[PDB]
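Colleague:
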Amino acid sequence: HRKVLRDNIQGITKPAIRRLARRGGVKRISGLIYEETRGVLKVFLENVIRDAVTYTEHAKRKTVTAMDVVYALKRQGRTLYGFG
Amino acid sequence: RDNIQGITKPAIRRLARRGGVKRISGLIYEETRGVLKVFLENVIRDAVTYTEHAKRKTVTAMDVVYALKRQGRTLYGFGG
Amino acid sequence: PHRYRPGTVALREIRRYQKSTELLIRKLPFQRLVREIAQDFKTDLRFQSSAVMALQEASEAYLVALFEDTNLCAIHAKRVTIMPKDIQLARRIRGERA
Amino acid sequence: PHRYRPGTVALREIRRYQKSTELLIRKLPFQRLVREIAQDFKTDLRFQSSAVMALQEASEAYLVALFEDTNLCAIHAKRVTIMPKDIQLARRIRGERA
Amino acid sequence: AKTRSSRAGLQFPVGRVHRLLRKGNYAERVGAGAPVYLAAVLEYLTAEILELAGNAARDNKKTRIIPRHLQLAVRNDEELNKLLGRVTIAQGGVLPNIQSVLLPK
Amino acid sequence: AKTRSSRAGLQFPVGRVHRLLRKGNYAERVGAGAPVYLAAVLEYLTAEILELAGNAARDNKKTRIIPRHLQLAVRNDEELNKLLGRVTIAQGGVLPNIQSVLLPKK
Amino acid sequence: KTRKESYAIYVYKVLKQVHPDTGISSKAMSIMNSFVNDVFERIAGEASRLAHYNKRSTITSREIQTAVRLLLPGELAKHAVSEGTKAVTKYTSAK
Amino acid sequence: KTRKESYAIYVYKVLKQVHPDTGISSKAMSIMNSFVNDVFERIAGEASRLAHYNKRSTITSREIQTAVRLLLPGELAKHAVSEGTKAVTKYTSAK
DNA sequence: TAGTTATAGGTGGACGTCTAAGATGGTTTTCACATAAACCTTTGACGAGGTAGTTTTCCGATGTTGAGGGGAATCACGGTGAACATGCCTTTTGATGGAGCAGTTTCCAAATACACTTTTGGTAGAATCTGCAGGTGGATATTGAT
DNA sequence: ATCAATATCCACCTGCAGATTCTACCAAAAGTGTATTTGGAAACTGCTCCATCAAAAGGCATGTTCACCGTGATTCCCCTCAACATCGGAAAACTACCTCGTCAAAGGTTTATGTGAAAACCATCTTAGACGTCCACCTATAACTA
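Protein chains in written order, with my numbering: chain A, 1 to 84; chain B, 85 to 164; chain C, 165 to 262; chain D, 263 to 360; chain E, 361 to 465; chain F, 466 to 571; chain G, 572 to 666; chain H, 667 to 761.
(1) Does the beta-carbon distance from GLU707 (chain H) to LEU716 (chain H) come in below 7 Å?
(2) What does the Cβ neighbour count give for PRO94 (chain B), buried or exposed, with the cut at 16 atoms within 10 Å?
(3) Given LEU412 (chain E), which residues of its chain have a CB within under 7 Å of its CB, disregarding the five upstream and five downstream residues?
(4) Taking all protein chains shown into account, decide if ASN457 (chain E) is buried (16 or more other Cβ within 10 angstroms of its Cβ) or exposed.
(5) Within 7 Å of any Cβ in chain F, is that where the Cβ of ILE299 (chain D) sits?
(6) Do three or more CB pairs link the region 550-564 of chain F to the region 745-756 of chain H at distances below 8 Å?
(7) From D:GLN350, D:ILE276, D:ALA360, pick the residue whose C-alpha is nearest to that of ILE112 (chain B); which is it?
(8) Could you tell me whether any Cβ in chain B is nearer than 7 Å to the Cβ of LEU586 (chain G)?
(9) I'd like the span of the alpha helix (DSSP H) that includes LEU742 (chain H), first residue to last.
(10) Using only CA atoms, which one of C:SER184, C:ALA174, C:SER223, C:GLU232 lies nearest to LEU45 (chain A)?
(11) At a CB-CB cut-off below 7 Å, which residues of chain F make contact with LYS106 (chain B)?
(12) Is it right to say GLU576 (chain G) is buried, meaning 16 or more other beta carbons lie within 10 angstroms of its own, or is it exposed?
(13) Can you grab the Cα-Cα spacing for the pair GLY740 (chain H) / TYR509 (chain F), in whole Å?
(14) DSSP three-state call for residue 694 (chain G): helix, strand or coil?
(15) Counting only beta-carbon atoms, is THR65 (chain A) nearer than 7 Å to chain E?
(16) If you run the structure through DSSP and keep just helix, strand and coil, what is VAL143 (chain B)?
(17) Check each candidate in E:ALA400, E:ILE409, E:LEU462 and name the one with the smallest Cα separation from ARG376 (chain E).
(18) I'd like to know whether the C-beta atoms of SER723 (chain H) and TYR502 (chain F) end up nearer to each other than 7 Å.
(19) With burial defined as no fewer than 16 other Cβ atoms inside 10 Å of the residue's Cβ, what is the status of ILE246 (chain C): buried or exposed?
(20) Just to make sure I have the definition right: I need the residues of chain B whose C-beta is within less than 8 Å of the C-beta of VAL296 (chain D). Which are they?
(21) Taking CB distances under 7 Å as the criterion, tell me whether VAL4 (chain A) reaches chain C.
(22) Any idea if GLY474 (chain F) is buried or exposed, counting beta-carbon neighbours within 10 angstroms, 16 or more meaning buried?
(23) Residue 246 (chain D): which of B:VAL143, B:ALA138, B:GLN89 sits nearest, CA to CA?
(24) Should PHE205 (chain C) go down as buried or exposed, given a rule of 16 or more other Cβ atoms within 10 Å for buried?
(25) Which class does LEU159 (chain B) belong to by DSSP, given the choice of helix, strand or coil?
(26) To be precise: take each residue of the region 398-422 of chain E, compare its Cβ to all Cβ atoms of chain G, and keep it if any distance is under 9 Å. Which residues remain?
(27) By the criterion of Cβ-Cβ separation under 7 Å, what are the contact partners of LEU736 (chain H) in chain A?
(28) Do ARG101 (chain B) and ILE276 (chain D) have their CB atoms nearer than 7 Å?
(29) Grab me the residues of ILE614 (chain G)'s own chain with a C-beta within less than 7 Å of its C-beta, minus the 5 sequence neighbours each way, in chain order.
(30) Mapping the DSSP letters down to three states, classify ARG75 (chain A) as helix, strand or coil.
(31) Are there three or more Cβ pairs, one per stretch, closer than 8 Å when the region 234-245 of chain C is compared with the region 334-344 of chain D?
(32) When the Cβ atoms of the region 592-601 of chain G are set against those of the region 384-391 of chain E, are three or more pairs found closer than 8 Å?
(33) Could you say which of F:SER470, F:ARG472, F:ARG533 lies nearest to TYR279 (chain D) if we only look at CA atoms?
(34) Would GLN318 (chain D) be called buried (16 or more neighbouring beta carbons within 10 Å of its own) or exposed?
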């Protein structure tokens, strides 16, 4: 089993980035953006997942539940609706 | 009557300087006063809501702080 | 030969994407990025399908929401193009980079 | 006759005030503004001496902080002077005008 | 026997709330009228959204209220939008709003 | 009799915390080691600030740690500043920091 | 069996009440469910805190009020607060 | 009598344990006290919540841990979580 | 560059509140033995479901080639804010008469805590829905060149 | 100033899935009713601390007038937007397959719920008394022209 993970952060496609950007009401997008973005996203995710897992860990569980993810987002002040 | 104008234009710029401020417009001083009012309103509103609830007629420091906490302005140094 | 003007088929999308609700990242490339950041953080773990999507919904929403704020930072500087300088500011006031 | 250059004894203040901790509003005009807004909200109310300053400390520290963020907004527009346009952007991104 | 909800003319479970305030360690002692009061606040707010949701679902020519409708409601509404400030709705989309600086000539 | 604080080598009131977690409706049932654990976390953090506060008070040539010193500590420090993000200190002042865009010419 | 009691039953009741000819996606219902919950916690605790602040050892309808009056924006607070005292006072009379 | 319990007595103890030739203001003491108070509340609820999440009917040192790991930033969490498990193990042994 | 305005400071002696050592009274906790009540560590075991693994399909991604036009780069020079003044209203910096509101001791109820005793939920378990989720034209705007 | 001509709504209509909509049944809760439990809101009552009005620095308040920074454009240099070409790789079925997270038991702690008896720690300040304000007096670092 198992395979390793390499630049999945680069797996967040430049178009997927601009699609998200357009939805913000965005007309002109620099080439430098796409990296910066990825950075921010990573940071975001890191911070969330960190707290998210801290719960999974505490539950004495090895599977990350939706609740864990949400209780983490709540903590973050990103209150999420639609996953219990 | 215009105690909001009692917040002196110099007192405003003194506070501004502390922010690292070099150039200040004449229009600012009004805008500022506005924002301050809004701030105060919002705080005092909630602050009094506590005083009122306590069945008290005197606004305590605690009331002021519990309000600031609610606001997400957590204050330290008044028994807070 | 028919050609749309530069910065005018741009708007098509805006109007198009602002109206829809689907997620603008592919599930799978996202999938990996999550599993990576989590494994290269806490080894041999598992994610309920939902817990993955719940993250993506959130992640996407965040960035769109950030872009909004970013856009205004371009528009403020007379400009019309998003560049790192704007996001820096955007985050800076938001409080995460201050 | 001597004359200080424009926007340059300005700095002397910034440094001086950034070094000091004290309240930059006289208690009494503020005292007047507080008591006003409270009665203009609920008839005949008293205030702990502490409670008034407590609020002022809060009030200032906020403006203080706001201005800091307003500062950067100006500088981002390739500008040097703070204006309503900045505070707007500052408060809108902060989320109190958003 | 009569449901405590009907004793206040409510659709929301007054008994449930009374239990849910115990099973939350909110206080040593829960009131008798508080689970009633609250159950109504919640009822009101639920109905208040649903109200704005229905119309949203109707403007977009549908029967069933879907996520987007709830967002189109909340975000287009003044007060709910403030209440649900730090809140994100799953599959919510966004209010179409382009800046009046990027528009053509 | 021995103070529960000294049973953990702490200066902070382990018994007080045990009572304070009951008188807060935090849970139906408080632990026995939890009031101890927490009392220490608090102890550590207190001392951690005081540490940075002392030096601040010393750099500014004084004996007694005043508010400004606490702010000069917290805001100059990386992590505390993050922890006390939404927090304002009474008579705190601010870190002197002018933008490197407003500074003179030469 | 697992049993995870929700609200969908009541949210449906108060939907049919305003709009008798309108359905609702389970996804939307979930959002809706996360709401009534989110709202609950918000008020409950804000009021839980109150008793404590006031050295009061009992949660009361009076507590809910001030929590509601704090947490809820303008007209919405007014409208909610009203209906609260309204259902309560009905429960007091119709015992 | 009024009786208004603070922490100042202990705050000073640990102050002289880090700098024996250094004092404090009364106004700075109030800030310091508000800290230990806020920080108390912070982790506390966080952990109070954690029991409920995981359906546990009792707060334990364990709930404090994960709570600290959550509330506290990077290195300061590590250093805290330490002294915690430390003072704890000293109490268990020297019982 | 050398000034000479402006206090960057800058370094040391008494009053002065206002640290903090003390003590004294508690006195309110804090501890420290009681006793089952019950909250939690296994500990099987059974499946959900989450990982991986395989495949076929087409649906976005990438990687060019232009080049319109947005970003900045500097000028005209308008004209908007910062100095450097005295002009003094008013905010400090001090007394002092009672509304409030804490600290006391209380029956009055207004919730806890149980025993059963019917329901209102709630999955589940299908049981049939029947709303809207794409499929191929199709009339219809509005760009962007004739 | 009128014609190409994508891509927009949008018109139906295939059909496919995700609602409700019965029909229970465990059956968890919720509710009915009664003693017990105590938290409260009840009425007193002695004062802390809140608002009264008034002596003299402190700093607010325009005034004058000049020095740079945008309610001016304009240029133009190269940024990244727009087709389009072309597969790589996401998606969208199913197939194992076995890893781990729940339902139920089941003592084994681990905790709470009484209260005598000493042990901090806080009103209560009481009283030394000590760091710091508060500025003299001249250093003395920058500054905007001599």
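For every residue, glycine included, the Cβ atom is placed at its ideal position computed from N, Cα and C.
Modeller: So, from the listed chains and residues:
(1) For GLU707 (chain H) and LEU716 (chain H), no; Cβs fall outside 7 Å.
(2) Exposed, by the Cβ-count rule.
(3) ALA433, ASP437.
(4) With fewer than 16 other Cβ atoms within 10 Å, it is exposed.
(5) Closer than 7 Å: no.
(6) Because the criterion of three Cβ pairs below 8 Å is not met, the region 550-564 of chain F and the region 745-756 of chain H do not touch.
(7) Nearest C-alpha to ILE112 (chain B) among D:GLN350, D:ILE276, D:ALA360: D:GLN350.
(8) Not closer than 7 Å to any Cβ of chain B, the Cβ of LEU586 (chain G) fails to qualify, so no.
(9) It spans 740-759 - the alpha helix (DSSP H) in which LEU742 (chain H) sits, taken as one unbroken run.
(10) Taking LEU45 (chain A) as reference, the option from C:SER184, C:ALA174, C:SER223, C:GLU232 with the minimal CA-CA separation is C:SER223.
(11) Those are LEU567, listed as they occur along chain F.
(12) Exposed is the call here.
(13) Looking at the two C-alpha atoms, the distance is approximately 15 Å.
(14) Nothing about residue 694 (chain G) can be read from this structure; chain G reaches only from 572 to 666.
(15) No - not a single Cβ of chain E is within 7 Å of the one on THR65 (chain A).
(16) Under the three-state reduction of DSSP, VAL143 (chain B) is assigned to strand.
(17) Looking at the Cα atoms, E:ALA400 is the closest of the given residues.
(18) Result no, Cβ atoms of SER723 (chain H) and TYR502 (chain F) do not sit closer than 7 Å.
(19) Around the beta carbon of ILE246 (chain C), 16 or more other beta carbons sit within 10 angstroms, so the residue counts as buried.
(20) By Cβ distance, chain B contributes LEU124, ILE128.
(21) The beta carbon of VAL4 (chain A) sits no closer than 7 Å to any beta carbon of chain C.
(22) It counts as exposed.
(23) No statement about residue 246 (chain D) is possible, as the shown extent of chain D runs from 263 to 360 and does not include it.
(24) Under this definition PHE205 (chain C) is an exposed residue.
(25) Judged by DSSP in its simplified three-state form, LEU159 (chain B) adopts strand.
(26) Of all residues in the region 398-422 of chain E, the ones placed with a Cβ closer than 9 Å to any Cβ belonging to chain G are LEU398, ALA399, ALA400, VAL401, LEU402, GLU403, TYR404, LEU405, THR406, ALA407, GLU408, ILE409, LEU410, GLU411, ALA413, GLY414, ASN415, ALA417, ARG418, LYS422, in chain order.
(27) Under the 7 Å cutoff, chain A gives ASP51, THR54, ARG75.
(28) Going by beta carbons, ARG101 (chain B) and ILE276 (chain D) fall inside the 7 Å limit.
(29) Cβ within range, chain order: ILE635, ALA638, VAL639, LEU642.
(30) DSSP places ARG75 (chain A) in helix when its eight states are reduced to three.
(31) The region 234-245 of chain C, when compared against the region 334-344 of chain D, does touch it at the 8 Å Cβ threshold.
(32) With the cut-off at 8 Å, the region 592-601 of chain G and the region 384-391 of chain E do not touch.
(33) Residue F:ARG533 is the option with its Cα nearest to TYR279 (chain D).
(34) It counts as buried.
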